[PDB]
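Pasting target.cif here (mmCIF, C-alpha atoms and all ligand atoms):
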data_protein
loop_
_atom_site.label_atom_id
_atom_site.label_comp_id
_atom_site.auth_asym_id
_atom_site.auth_seq_id
_atom_site.Cartn_x
_atom_site.Cartn_y
_atom_site.Cartn_z
CA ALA A 28 0.80 46.52 18.26
CA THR A 29 -0.36 42.94 17.75
CA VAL A 30 -3.46 41.62 19.51
CA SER A 31 -5.14 38.19 19.41
CA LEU A 32 -7.63 36.15 21.49
CA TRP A 33 -4.88 36.16 24.21
CA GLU A 34 -5.21 39.87 25.00
CA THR A 35 -9.00 39.82 24.58
CA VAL A 36 -9.41 37.08 27.19
CA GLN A 37 -6.89 38.77 29.50
CA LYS A 38 -8.96 41.99 29.42
CA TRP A 39 -12.20 40.00 29.87
CA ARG A 40 -10.97 38.86 33.32
CA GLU A 41 -10.49 42.48 34.51
CA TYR A 42 -13.90 43.49 33.07
CA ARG A 43 -15.52 40.54 34.89
CA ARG A 44 -13.79 41.49 38.17
CA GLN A 45 -14.92 45.14 38.06
CA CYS A 46 -18.43 44.02 37.02
CA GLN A 47 -18.64 41.56 39.95
CA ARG A 48 -17.56 44.29 42.39
CA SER A 49 -20.18 46.74 41.00
CA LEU A 50 -22.95 44.10 41.09
CA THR A 51 -22.00 43.25 44.70
CA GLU A 52 -21.67 46.92 45.60
CA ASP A 53 -24.67 48.55 43.87
CA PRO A 54 -27.57 49.31 46.23
CA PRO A 55 -30.96 47.94 45.15
CA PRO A 56 -33.52 50.42 43.78
CA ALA A 57 -36.11 51.80 46.17
CA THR A 58 -38.96 50.85 43.83
CA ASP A 59 -40.24 47.33 43.17
CA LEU A 60 -40.95 45.27 40.03
CA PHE A 61 -37.46 46.25 38.89
CA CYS A 62 -35.75 44.07 36.29
CA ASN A 63 -32.85 42.21 37.89
CA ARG A 64 -29.29 43.31 37.02
CA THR A 65 -27.01 40.48 35.81
CA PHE A 66 -23.71 39.90 33.95
CA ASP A 67 -24.17 37.82 30.76
CA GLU A 68 -20.85 36.56 29.36
CA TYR A 69 -21.03 39.26 26.62
CA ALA A 70 -21.89 42.30 28.81
CA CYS A 71 -22.90 43.71 32.24
CA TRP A 72 -26.38 45.29 32.64
CA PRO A 73 -27.64 47.31 35.73
CA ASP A 74 -31.15 47.27 37.19
CA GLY A 75 -33.86 48.54 34.86
CA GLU A 76 -37.27 49.88 35.80
CA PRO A 77 -39.93 47.93 33.89
CA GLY A 78 -41.27 49.22 30.60
CA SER A 79 -37.99 50.71 29.36
CA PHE A 80 -34.79 49.78 27.55
CA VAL A 81 -31.24 49.93 28.93
CA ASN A 82 -28.55 52.24 27.51
CA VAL A 83 -25.25 50.50 28.24
CA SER A 84 -21.90 51.38 26.71
CA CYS A 85 -20.23 48.90 24.39
CA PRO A 86 -17.92 46.66 26.47
CA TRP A 87 -14.27 47.83 26.43
CA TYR A 88 -12.79 44.26 26.43
CA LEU A 89 -13.74 43.76 22.72
CA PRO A 90 -10.81 44.42 20.20
CA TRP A 91 -13.10 46.79 18.26
CA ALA A 92 -14.25 48.80 21.29
CA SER A 93 -12.26 51.84 20.15
CA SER A 94 -13.51 51.88 16.54
CA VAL A 95 -16.97 53.11 17.57
CA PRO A 96 -17.28 54.41 21.15
CA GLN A 97 -20.92 55.28 20.45
CA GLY A 98 -22.67 51.92 20.15
CA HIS A 99 -25.09 50.69 22.81
CA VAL A 100 -26.23 47.11 23.28
CA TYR A 101 -29.95 47.14 24.03
CA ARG A 102 -31.96 44.70 26.13
CA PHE A 103 -35.60 45.32 27.01
CA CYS A 104 -37.70 44.16 29.96
CA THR A 105 -41.46 44.55 29.76
CA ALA A 106 -43.65 46.45 32.21
CA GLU A 107 -44.30 43.22 34.11
CA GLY A 108 -40.68 43.27 35.27
CA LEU A 109 -39.05 40.51 33.21
CA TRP A 110 -36.60 40.66 30.32
CA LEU A 111 -38.12 40.27 26.85
CA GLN A 112 -37.73 36.65 25.74
CA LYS A 113 -36.94 36.03 22.08
CA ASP A 114 -38.20 33.28 19.78
CA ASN A 115 -38.35 29.62 20.88
CA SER A 116 -38.01 30.51 24.59
CA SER A 117 -34.28 31.27 24.44
CA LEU A 118 -31.89 33.79 25.98
CA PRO A 119 -33.69 37.14 26.39
CA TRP A 120 -33.76 39.36 23.34
CA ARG A 121 -30.89 41.82 22.98
CA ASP A 122 -29.77 44.27 20.30
CA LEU A 123 -26.20 43.43 19.30
CA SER A 124 -26.10 45.19 15.91
CA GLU A 125 -24.92 48.49 17.42
CA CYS A 126 -21.24 47.58 17.91
CA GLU A 127 -20.06 44.36 16.28
CA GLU A 128 -17.65 43.15 13.63
CA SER A 135 -3.26 36.99 7.96
CA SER A 136 -4.16 37.21 11.62
CA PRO A 137 -1.68 36.41 14.57
CA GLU A 138 -3.77 33.24 15.29
CA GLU A 139 -2.93 31.84 11.79
CA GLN A 140 0.80 32.66 11.98
CA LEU A 141 1.15 30.98 15.40
CA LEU A 142 -0.73 27.85 14.15
CA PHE A 143 1.70 27.29 11.17
CA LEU A 144 4.88 27.77 13.31
CA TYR A 145 3.46 25.17 15.76
CA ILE A 146 3.14 22.63 12.89
CA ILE A 147 6.78 23.16 11.74
CA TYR A 148 8.18 23.00 15.33
CA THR A 149 6.13 19.86 16.21
CA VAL A 150 7.34 18.12 12.99
CA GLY A 151 10.95 19.07 13.79
CA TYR A 152 10.78 17.90 17.43
CA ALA A 153 9.12 14.62 16.29
CA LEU A 154 11.84 13.93 13.71
CA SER A 155 14.50 14.85 16.27
CA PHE A 156 12.94 12.59 18.89
CA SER A 157 12.82 9.61 16.54
CA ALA A 158 16.38 10.06 15.26
CA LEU A 159 17.84 10.54 18.75
CA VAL A 160 16.11 7.40 20.05
CA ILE A 161 17.57 5.38 17.16
CA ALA A 162 21.01 6.89 17.79
CA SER A 163 20.92 6.20 21.53
CA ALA A 164 20.04 2.60 20.73
CA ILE A 165 23.03 2.38 18.37
CA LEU A 166 25.56 3.95 20.75
CA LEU A 167 24.43 2.04 23.84
CA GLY A 168 24.22 -1.28 21.99
CA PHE A 169 27.75 -1.73 20.69
CA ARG A 170 30.22 -2.29 23.52
CA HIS A 171 33.23 -1.31 21.40
CA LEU A 172 31.92 2.29 21.45
CA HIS A 173 32.14 2.97 25.22
CA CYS A 174 34.26 6.09 25.79
CA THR A 175 33.91 9.07 28.05
CA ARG A 176 33.02 11.26 25.08
CA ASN A 177 30.27 8.81 24.15
CA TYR A 178 28.89 9.07 27.68
CA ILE A 179 28.82 12.84 27.17
CA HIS A 180 27.01 12.26 23.85
CA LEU A 181 24.41 9.98 25.45
CA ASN A 182 23.66 12.56 28.13
CA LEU A 183 23.32 15.24 25.44
CA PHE A 184 20.88 13.02 23.53
CA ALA A 185 18.90 12.54 26.74
CA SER A 186 18.61 16.31 27.23
CA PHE A 187 17.34 16.77 23.64
CA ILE A 188 14.74 14.01 24.06
CA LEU A 189 13.47 15.39 27.36
CA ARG A 190 13.12 18.86 25.84
CA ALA A 191 11.01 17.59 22.95
CA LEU A 192 8.87 15.42 25.24
CA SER A 193 8.12 18.43 27.55
CA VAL A 194 6.82 20.69 24.68
CA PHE A 195 4.39 17.94 23.52
CA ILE A 196 2.92 17.65 27.07
CA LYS A 197 2.49 21.45 27.39
CA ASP A 198 0.77 21.75 23.94
CA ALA A 199 -1.43 18.62 24.44
CA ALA A 200 -2.48 19.54 28.02
CA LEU A 201 -3.72 23.00 26.90
CA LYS A 202 -5.44 22.39 23.52
CA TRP A 203 -4.92 26.00 22.27
CA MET A 204 -4.87 25.07 18.52
CA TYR A 205 -8.52 23.83 18.66
CA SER A 206 -9.68 26.86 20.77
CA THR A 207 -8.11 29.58 18.53
CA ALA A 208 -11.69 30.74 17.63
CA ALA A 209 -13.53 30.45 21.02
CA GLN A 210 -16.48 32.79 21.86
CA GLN A 211 -17.18 34.56 25.22
CA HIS A 212 -18.58 31.40 26.92
CA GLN A 213 -15.45 29.32 26.05
CA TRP A 214 -13.17 32.01 27.65
CA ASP A 215 -14.25 31.14 31.25
CA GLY A 216 -12.81 27.59 30.90
CA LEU A 217 -9.58 28.89 29.32
CA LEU A 218 -8.95 31.13 32.33
CA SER A 219 -9.86 28.32 34.78
CA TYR A 220 -7.11 25.97 33.43
CA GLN A 221 -4.55 28.84 33.25
CA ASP A 222 -4.70 29.63 36.99
CA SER A 223 -4.73 25.97 38.03
CA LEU A 224 -1.81 23.88 39.35
CA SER A 225 -1.44 21.40 36.50
CA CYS A 226 -0.62 24.34 34.24
CA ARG A 227 2.01 25.80 36.56
CA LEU A 228 3.84 22.54 37.20
CA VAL A 229 3.78 21.52 33.52
CA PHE A 230 5.30 24.94 32.75
CA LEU A 231 7.99 24.41 35.41
CA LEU A 232 8.87 21.01 33.94
CA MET A 233 9.28 22.56 30.50
CA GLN A 234 11.56 25.27 31.89
CA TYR A 235 13.77 22.70 33.60
CA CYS A 236 14.14 20.64 30.42
CA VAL A 237 15.13 23.70 28.36
CA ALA A 238 17.77 24.74 30.91
CA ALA A 239 19.16 21.20 31.18
CA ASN A 240 19.63 20.98 27.41
CA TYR A 241 21.59 24.23 27.41
CA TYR A 242 23.88 23.06 30.19
CA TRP A 243 24.64 19.75 28.32
CA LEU A 244 25.89 21.71 25.20
CA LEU A 245 28.21 23.60 27.62
CA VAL A 246 29.34 20.36 29.16
CA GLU A 247 30.20 19.16 25.65
CA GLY A 248 32.12 22.36 24.98
CA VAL A 249 34.05 22.36 28.26
CA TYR A 250 35.08 18.71 27.88
CA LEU A 251 36.43 19.27 24.36
CA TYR A 252 38.30 22.33 25.57
CA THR A 253 39.85 20.39 28.43
CA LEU A 254 41.00 17.67 26.02
CA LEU A 255 42.74 20.27 23.86
CA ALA A 256 44.43 22.31 26.62
CA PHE A 257 44.84 20.34 29.87
CA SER A 258 46.93 17.50 31.42
CA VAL A 259 45.11 14.17 32.11
CA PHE A 260 43.27 14.16 35.50
CA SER A 261 41.26 11.45 37.34
CA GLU A 262 38.72 10.08 34.83
CA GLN A 263 36.10 9.39 37.50
CA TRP A 264 36.41 12.63 39.49
CA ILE A 265 35.81 14.54 36.25
CA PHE A 266 32.90 12.40 35.07
CA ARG A 267 30.96 12.78 38.31
CA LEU A 268 31.60 16.53 38.25
CA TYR A 269 30.38 16.81 34.66
CA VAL A 270 27.19 14.83 35.22
CA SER A 271 26.56 16.94 38.31
CA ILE A 272 26.95 20.20 36.36
CA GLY A 273 24.76 18.99 33.51
CA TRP A 274 21.80 17.69 35.51
CA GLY A 275 21.81 19.54 38.81
CA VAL A 276 22.98 23.10 38.23
CA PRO A 277 19.66 23.93 36.52
CA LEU A 278 18.02 23.05 39.86
CA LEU A 279 20.00 25.82 41.58
CA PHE A 280 18.03 28.47 39.68
CA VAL A 281 14.83 26.72 38.55
CA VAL A 282 13.44 25.98 42.03
CA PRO A 283 14.20 29.51 43.41
CA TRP A 284 12.26 30.87 40.43
CA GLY A 285 9.42 28.41 41.04
CA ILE A 286 9.37 29.43 44.71
CA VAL A 287 9.21 33.18 44.10
CA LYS A 288 6.57 32.68 41.42
CA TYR A 289 4.48 30.46 43.70
CA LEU A 290 4.70 32.80 46.69
CA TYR A 291 4.26 36.18 45.00
CA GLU A 292 1.55 35.42 42.42
CA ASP A 293 -2.18 34.67 42.57
CA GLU A 294 -3.27 34.35 38.91
CA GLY A 295 -1.79 33.07 35.69
CA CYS A 296 0.22 30.06 34.61
CA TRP A 297 3.49 31.81 35.56
CA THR A 298 3.92 33.88 32.42
CA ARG A 299 6.06 37.01 32.31
CA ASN A 300 4.91 39.38 35.03
CA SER A 301 3.67 42.89 34.34
CA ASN A 302 5.96 45.23 36.28
CA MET A 303 8.53 43.12 38.14
CA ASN A 304 11.05 40.95 36.30
CA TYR A 305 11.32 37.56 37.92
CA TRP A 306 12.20 36.02 34.57
CA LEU A 307 15.87 36.88 35.02
CA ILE A 308 16.30 33.89 37.35
CA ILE A 309 15.98 31.65 34.27
CA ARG A 310 17.13 33.80 31.34
CA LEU A 311 20.40 35.02 32.88
CA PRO A 312 22.20 31.68 33.44
CA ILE A 313 21.08 30.50 30.00
CA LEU A 314 22.85 33.47 28.41
CA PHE A 315 25.94 32.87 30.55
CA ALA A 316 26.19 29.28 29.27
CA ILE A 317 25.62 30.40 25.67
CA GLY A 318 28.38 33.02 25.84
CA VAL A 319 30.97 30.74 27.44
CA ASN A 320 30.26 28.12 24.81
CA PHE A 321 30.82 30.73 22.07
CA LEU A 322 34.27 31.50 23.50
CA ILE A 323 35.07 27.78 23.46
CA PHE A 324 33.97 27.57 19.83
CA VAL A 325 36.29 30.39 18.77
CA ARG A 326 39.32 28.92 20.56
CA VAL A 327 38.80 25.44 19.05
CA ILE A 328 38.54 26.89 15.54
CA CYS A 329 41.76 28.85 16.08
CA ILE A 330 43.43 25.55 17.07
CA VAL A 331 42.20 23.88 13.89
CA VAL A 332 43.46 26.80 11.77
CA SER A 333 46.99 26.60 13.22
CA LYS A 334 47.07 22.80 12.87
CA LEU A 335 45.88 23.22 9.28
CA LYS A 336 48.38 25.90 8.28
CA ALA A 337 51.31 23.99 9.80
CA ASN A 338 50.81 21.04 7.45
CA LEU A 339 51.26 21.34 3.68
CA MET A 340 48.11 22.10 1.69
CA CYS A 341 47.01 24.45 -1.07
CA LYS A 342 45.67 27.98 -0.77
CA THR A 343 42.12 26.66 -1.26
CA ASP A 344 42.06 23.19 0.31
CA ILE A 345 42.77 24.87 3.63
CA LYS A 346 39.53 26.83 3.20
CA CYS A 347 37.52 23.82 2.04
CA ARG A 348 38.49 21.75 5.07
CA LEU A 349 38.05 24.73 7.41
CA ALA A 350 34.54 25.40 6.10
CA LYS A 351 33.50 21.77 6.45
CA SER A 352 34.83 21.54 10.00
CA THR A 353 33.09 24.73 11.16
CA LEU A 354 29.81 23.56 9.62
CA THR A 355 30.16 20.26 11.47
CA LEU A 356 30.89 21.98 14.86
CA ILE A 357 27.94 24.50 14.94
CA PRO A 358 25.44 21.71 15.82
CA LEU A 359 27.43 20.19 18.83
CA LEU A 360 28.01 23.51 20.75
CA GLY A 361 24.69 25.16 19.67
CA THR A 362 26.54 28.16 18.18
CA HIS A 363 23.42 29.71 16.46
CA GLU A 364 21.85 30.53 19.89
CA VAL A 365 24.05 33.67 19.94
CA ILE A 366 22.29 35.06 16.82
CA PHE A 367 18.90 33.93 18.10
CA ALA A 368 19.48 35.69 21.41
CA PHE A 369 20.54 38.85 19.60
CA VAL A 370 17.34 38.99 17.53
CA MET A 371 14.91 38.20 20.38
CA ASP A 372 13.22 41.16 22.08
CA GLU A 373 13.29 40.81 25.86
CA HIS A 374 10.52 43.33 26.64
CA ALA A 375 7.71 41.93 24.48
CA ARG A 376 4.68 40.37 26.15
CA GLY A 377 1.73 38.39 24.84
CA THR A 378 1.10 37.72 21.17
CA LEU A 379 4.32 39.33 19.96
CA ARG A 380 6.37 37.27 22.40
CA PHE A 381 4.69 34.05 21.28
CA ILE A 382 5.27 34.78 17.59
CA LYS A 383 8.97 35.55 18.18
CA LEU A 384 9.52 32.47 20.40
CA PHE A 385 7.75 30.09 17.95
CA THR A 386 9.94 31.17 14.93
CA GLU A 387 13.17 30.47 16.91
CA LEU A 388 11.69 27.10 18.04
CA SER A 389 10.76 26.40 14.38
CA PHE A 390 14.45 26.62 13.30
CA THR A 391 16.05 25.15 16.50
CA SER A 392 13.66 22.15 16.75
CA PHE A 393 15.90 20.31 14.17
CA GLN A 394 19.23 20.69 16.14
CA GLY A 395 18.66 17.18 17.58
CA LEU A 396 18.28 15.79 14.06
CA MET A 397 21.48 17.49 12.91
CA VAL A 398 23.41 16.20 15.94
CA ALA A 399 22.06 12.67 15.48
CA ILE A 400 23.07 12.52 11.82
CA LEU A 401 26.51 14.08 12.32
CA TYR A 402 27.67 12.23 15.45
CA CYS A 403 26.06 8.79 15.08
CA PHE A 404 25.11 7.91 11.48
CA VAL A 405 28.04 9.18 9.39
CA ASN A 406 30.58 8.65 12.19
CA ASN A 407 33.34 6.43 10.80
CA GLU A 408 33.57 4.07 13.77
CA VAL A 409 29.81 3.44 13.68
CA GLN A 410 30.07 2.50 10.01
CA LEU A 411 32.94 0.21 10.98
CA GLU A 412 30.88 -1.75 13.52
CA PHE A 413 27.99 -1.97 11.07
CA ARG A 414 30.32 -3.62 8.54
CA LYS A 415 31.94 -5.89 11.14
CA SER A 416 28.61 -7.00 12.59
CA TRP A 417 27.29 -7.65 9.09
CA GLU A 418 30.25 -9.89 8.23
CA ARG A 419 29.75 -12.13 11.28
CA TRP A 420 26.19 -12.89 10.15
CA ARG A 421 27.07 -13.39 6.47
CA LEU A 422 29.65 -16.02 7.43
CA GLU A 423 26.91 -17.93 9.29
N1 LIG B 1 -6.31 32.67 28.64
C1 LIG B 1 -6.30 32.32 27.57
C2 LIG B 1 -6.29 31.82 26.12
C3 LIG B 1 -6.45 32.71 25.07
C4 LIG B 1 -6.44 32.24 23.77
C5 LIG B 1 -6.25 30.89 23.52
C6 LIG B 1 -6.23 30.34 22.09
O1 LIG B 1 -5.85 31.33 21.18
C7 LIG B 1 -4.51 31.74 21.31
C8 LIG B 1 -4.14 33.02 20.95
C9 LIG B 1 -2.82 33.40 21.09
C10 LIG B 1 -1.90 32.48 21.59
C11 LIG B 1 -2.34 31.22 21.92
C12 LIG B 1 -1.39 30.17 22.47
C13 LIG B 1 0.10 30.36 22.44
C14 LIG B 1 0.86 29.72 23.61
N2 LIG B 1 -0.03 28.87 24.43
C15 LIG B 1 0.64 28.27 25.57
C16 LIG B 1 2.05 28.80 25.87
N3 LIG B 1 3.16 28.28 25.39
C17 LIG B 1 4.20 28.97 25.87
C18 LIG B 1 5.58 28.87 25.69
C19 LIG B 1 6.44 29.74 26.33
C20 LIG B 1 5.92 30.72 27.16
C21 LIG B 1 6.87 31.69 27.86
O2 LIG B 1 6.42 32.71 28.44
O3 LIG B 1 8.11 31.47 27.86
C22 LIG B 1 4.55 30.83 27.35
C23 LIG B 1 3.68 29.95 26.69
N4 LIG B 1 2.35 29.80 26.68
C24 LIG B 1 1.39 30.63 27.40
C25 LIG B 1 1.17 30.13 28.78
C26 LIG B 1 2.33 29.59 29.40
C27 LIG B 1 1.58 28.40 29.74
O4 LIG B 1 0.55 28.82 28.85
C28 LIG B 1 -1.16 29.69 24.95
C29 LIG B 1 -2.03 30.21 23.81
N5 LIG B 1 -3.61 30.90 21.77
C30 LIG B 1 -6.09 30.01 24.58
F1 LIG B 1 -5.91 28.69 24.34
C31 LIG B 1 -6.10 30.48 25.88
#

Transcribe the structure of this file into structure tokens.
Amino acid sequence: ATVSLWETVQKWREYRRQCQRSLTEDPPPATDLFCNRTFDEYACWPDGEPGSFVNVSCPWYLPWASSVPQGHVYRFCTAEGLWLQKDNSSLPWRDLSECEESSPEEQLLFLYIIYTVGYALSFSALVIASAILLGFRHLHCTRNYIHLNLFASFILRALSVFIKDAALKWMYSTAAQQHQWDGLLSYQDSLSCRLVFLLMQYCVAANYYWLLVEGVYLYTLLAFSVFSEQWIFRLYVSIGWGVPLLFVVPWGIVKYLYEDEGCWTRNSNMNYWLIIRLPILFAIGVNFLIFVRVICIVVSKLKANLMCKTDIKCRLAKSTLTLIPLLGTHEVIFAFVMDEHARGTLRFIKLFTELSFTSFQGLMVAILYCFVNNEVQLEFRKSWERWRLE
């Protein structure tokens, strides 16, 4: 098992709840001058009769609570009925030496750096490429409208991750103490957190459905008779941008109705997460079938012509390498490797490694379909000649 500050704070909440109930349920002692019973962030202490110490068990929410189940934090209140103050009139004296004491926090922090750098390169390249394809009016096709909508989905996905990471400053808090935990929990069960999470989910799903729109349009070019060019464009834009909403708002409704705490992370017993994960896998699988059929087409067209025994393979390899980025073919591997029953730190480590590799899909697409594209080079030359004549 892997544990981090995540699981420690999540157990702290349950400890606090039980402690609050006990404090609110414990009858007061019959005697007087008793030392008042309070919950400090570190531990919960009961009432103590004056002139004696308190023998409390080591709190179970600590990661090292199982190493020594024999320690006892000690706090003393004098015979007058007040806790013993320590030096410089500070928090009352307590004995913490009984039970006290690379990591998952470090791993997650490095993956975040690689994924942020990749998304930031992808964002910049896709903005340049959208400028280039929208600018020139000779490059106005239907396939270039599909490409612009795909670029838009990539850019929205990158922009959503930055907001989620910047709104909850987890990287700075990776070493927070007990006091800092209260705040962390307060933001998690707020409404800003839940709606920022919902926005990120929508942007992920919309990107996936624009790599299926790409695939379905190429397939219909290679296997179908020409049909109305507006009745197909409206249908494609509708599928790309508004089919995600048919399973992202039902998920956001069930989560909002049937949950009190948390920022809508994966529930404990029930599995609501299938409302999002299941259509994503459907799109990924259909787009894999499209990939295989298109490559079969290229192989027959390549065998029919006259080439060597090796030039066939060279051109086939180059074409397959150039088509993995457009249809997102690697997501079939990355969905095979991912464990769908992991929760907490393990889930975050797995997710971040996939994001670390797949953050640079937008950069690959931008280079392959806008910077080395032959027509784009052609307009750069033609535009340059008109200025050089002047
Ligand atoms: N309580 C609390 C708490 C505890 C510790 C710390 C600081 O230390 C640690 C330690 C381990 C991991 C982390 C961060 C690692 C991840 N981020 C934020 C975050 N990105 C997510 C992406 C996808 C999903 C998903 O399920 O698909 C869910 C995602 N989540 C967690 C929830 C979801 C909204 O936020 C949250 C923390 N930070 C703290 F900042 C808060």

Handout entry: Nearest residue to residue A:187 from the set A:107, A:251, A:399, A:415 (distances using all atoms listed in the file)
Key = A:399

Exercise for the section: Compute the set of protein, DNA and RNA residues whose minimum atom distance to ligand LIG 1 (chain B) is at most 7 Å, using all atoms listed in the file, and state it as a ChimeraX atom specification. Expected result: /A:31-33,36-37,138,198,201-204,206-208,214,217-218,221,226,230,296-299,378,381

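Picture a line from atom CA of residue A:327 to atom CA of residue A:365; it runs 16.9 Å.
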
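Note that atom CA of residue A:302 and atom CA of residue A:200 are 28.3 Å apart.
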
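The smallest atom-to-atom distance between residue A:104 and any of A:118, A:87, A:227, A:76, using all atoms listed in the file, is found for A:76.
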
Practice task
Go ahead and compute the interatomic distance for atom CA of residue A:254 and atom CA of residue A:181, in Å to one decimal.
Solution key: 18.3 Å

Handout entry: Residues within 10 Å of residue A:140, only C-alpha atoms, excluding chain neighbours under 4 positions, as a PyMOL selection string
Key = chain A and resi 135-136+144-145+382+385-386
